[PDB]
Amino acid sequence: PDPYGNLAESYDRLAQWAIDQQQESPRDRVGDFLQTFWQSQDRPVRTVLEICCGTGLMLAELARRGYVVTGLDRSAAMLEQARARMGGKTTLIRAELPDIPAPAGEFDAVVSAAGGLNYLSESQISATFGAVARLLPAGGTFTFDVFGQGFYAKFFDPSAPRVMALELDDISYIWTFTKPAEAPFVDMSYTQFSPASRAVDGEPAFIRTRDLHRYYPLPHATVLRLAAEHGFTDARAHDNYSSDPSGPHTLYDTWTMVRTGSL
């Protein structure tokens, strides 16, 4: 049940390709957006938890800017990469959201960059909003991105190819996007062909793996309700870590919100 287990060793190269070819934000741009957002807030930010930290690309960006960072992810394979990047001092928590085994009065901000929250059902993200609210003091903030309208329009029909593929550094990926009838999720299947350890007779060989990435579309009305229900205010959406508004073409919606003084 870890779709990133087979992806972890090539994830960083694929993330760079997605920046180069699928308009994903480089983590330094995410860092610029976060610092501009936090600088506009009254309460200073020193400690940051990134949930769904993956291989730690965003952790490293924030640490380079002087933040004291902690990461959380469910994937041991991804966290092994994050440990190699960050070294031994960085706290890395292996847990599956909505579980956040960490105490209140500790984090000034929580972030989730590059779409980990797309993997959570509505009830799982609701409980995650609650867990984040318990960790943040009044005036702390929560920032994350999820797929926008333009993503579902572009990769989940119409007129679009249902199968996509990429050949990158001797690995090959074949992606299939399916929308089950009457389901609250959409499915992206990763077929991956990777060079094998040895050869078959006199030919190079490849191992095939198949992994399902199940995504839950998150309407704006749902985000706003979840924010209100869990002690957040001033929820705003922007297009992909820019100052532009969310709109019909947005591929990645960036949400920011502020913890109230509620309990």
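Residue numbers here begin at 1 and follow the sequence given.
For the pair 115-123 and 155-163, the record assigns the higher mean C-alpha temperature factor to 155-163. Just going by the entry, 49-57 versus 192-200 on mean CA temperature factor gives the higher value to 192-200. Of the residues listed, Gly140, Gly130, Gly150, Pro103, the entry assigns the biggest Cα temperature factor to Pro103. The residue among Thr222, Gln39, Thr233, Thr70 whose C-alpha carries the highest B-factor in the deposited model is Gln39. In the PDB entry, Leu212 places in the middle third of its chain by CA B-factor. Compared with the other modelled residues of the chain, the Cα B-factor recorded for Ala8 ranks in the middle third. For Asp145, the recorded CA B-factor ranks within the lowest third of the chain. Only modelled residues enter the ranking. The entry lists a Cα temperature factor for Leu226 that places it in the lowest third of the chain's modelled residues. Among all modelled residues in this chain, the alpha-carbon of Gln22 has a temperature factor (C-alpha) in the highest third.
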